[PDB]
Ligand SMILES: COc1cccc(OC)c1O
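One chain is shown next in structure tokens, namely the form deposited without 2,6-dimethoxyphenol.
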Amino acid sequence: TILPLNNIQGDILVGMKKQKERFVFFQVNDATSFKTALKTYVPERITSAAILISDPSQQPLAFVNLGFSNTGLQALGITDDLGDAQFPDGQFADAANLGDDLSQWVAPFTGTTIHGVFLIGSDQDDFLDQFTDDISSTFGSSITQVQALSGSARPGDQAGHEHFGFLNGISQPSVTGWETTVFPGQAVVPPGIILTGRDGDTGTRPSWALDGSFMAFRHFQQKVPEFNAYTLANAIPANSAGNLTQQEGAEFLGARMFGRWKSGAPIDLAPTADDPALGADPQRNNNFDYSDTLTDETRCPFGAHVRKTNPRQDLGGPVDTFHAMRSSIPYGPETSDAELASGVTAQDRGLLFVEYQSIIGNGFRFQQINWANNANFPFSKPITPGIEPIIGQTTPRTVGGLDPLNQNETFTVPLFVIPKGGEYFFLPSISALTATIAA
């Protein structure tokens, strides 16, 4: 198969990888007028995977992608069942299943009023704002913006790191069907794991849904001073290499919780001390599979974030089904010295989380419920793994094995990641936007 890269919305396959991003959540007021605007908007602004892989000289100053919720499709008279079990009811109706404290959800996510989302990516505020204004001007009164959430990469040497300090966006699946660089340790999967209607997708899709994908969007607020204080209060006293200072033990505990050091070095490869050069090297930073630590936790806890969300050899071999693409971006200001010293969050910051898959229940939702929330996953281990400490949502939030020298010790971890809302969207192919959605 040859994927039509010019017809696939770029954030799905390639990722915008821009320094700034805005999510404009909207409701449709006038379906006919919306469709009329869409037919002029799409060819001019919707950015394909082909554009994202081209030289920067051939790229627009901002990229735009567009997804619809179930109620958005219904509002537009797009009534065919897309074949996904969770998409029709929306994420609010699924939130309790995910383990969410519903009291922390906020409008306009607390229902199914949201009809869709424009994602705008750009390396600069000015261009982000101009392309946002272009949407407002093009669509006019045919839509109402019900929320805009804006994110930004962190500054300086923290570019690409999320707010707890950890380098993000290292490990992504690679799909067959196009010409791409594959790094050592990177999963290679059929395109239908990500793209609806392609090989590997087992969902029952309308023909017009070919080369779309489902987005799980999550708005997470992060509690950074609290996370930092917890690592200091529970600093690991020693590892195989020797005794740790409190600061070293706190850094190590953070790395044990994630499965990677802040630099990106995976603990399976660097189990006792950071290796920043390894973290920065994509030829090496993903080249592990837990095969050296299937039945012990010295090299990596069973319940570390990355191991829970991608179990690699814990599954007994390569498995296509549960991989997904991520295109998340941090939001909010840096954490001040005063904030860190107090140990108490004073500003709103976090992650605008974006995960793409053909089957919501096999990607985001499987990683969340079957794996992260599941105290007995990974299976068949000599010590109960417990709840994933970063995003696991089962109480008590108890995780074992964080101390490599006392693996039976359990850690009860306060929740540092608060879901504030989210939605399930479908991003059609570019042709489907104008030939089906706007018909």
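From 1 onward, residues are counted along the sequence shown.
The same protein has a further form, the form solved in complex with 2,6-dimethoxyphenol, not shown here; the description that follows concerns it.
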Partner-facing stretch of 68 to 76, 199 to 207, 289 to 297, 267 to 275, counted where any non-hydrogen atom is within 4.5 angstroms of 2,6-dimethoxyphenol in the entry with it bound: 289 to 297
Selected contact from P382, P396, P43, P60, since only one has a non-hydrogen atom within 4.5 angstroms of 2,6-dimethoxyphenol in the entry with it bound: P382
Residue (of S142, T345, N239, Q313) lying close to 2,6-dimethoxyphenol in the entry with it bound, criterion heavy atoms within 4.5 Å: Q313
In the entry with it bound, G156 touching 2,6-dimethoxyphenol (heavy atom, 4.5 Å): no
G111, heavy atom within 4.5 angstroms of 2,6-dimethoxyphenol in the entry with it bound: no
In the entry with it bound, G83 touching 2,6-dimethoxyphenol (heavy atom, 4.5 Å): no
Contact flag, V319 vs 2,6-dimethoxyphenol in the entry with it bound, heavy atom cut 4.5 Å: yes
